[PDB]
């Protein structure tokens, strides 16, 4: 992913927010 003008924790909540629970 790309976190440009963001952090990590937040960034993930946009790109790594692929939960199928």
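Each residue's number is its place along the chain shown, starting with 1.
Structure determined by solution NMR.
Each Cβ is built from the backbone N, Cα and C atoms, and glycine gets one as well.
If you look up Swiss-Prot, you'll see 1-15, 3-11 marked as disulfide bond. Sequence annotations record features per position, and here Swiss-Prot assigns site 'Endothelin-receptor binding site' to 21 based on similarity to another entry.
Within the same chain, residues at least six positions away from residue 1 (disulfide bond) with a Cβ under 8 Å of its Cβ are 11, 12, 15, 16.
For residue 3 (disulfide bond), applying a Cβ distance below 8 Å and a minimum sequence separation of six or more within one chain yields 10, 11.
Neighbour counts were taken as the number of other C-beta atoms within 10 angstroms of each residue's C-beta; across the disulfide-bonded residues 11, 15, the minimum falls on 15.
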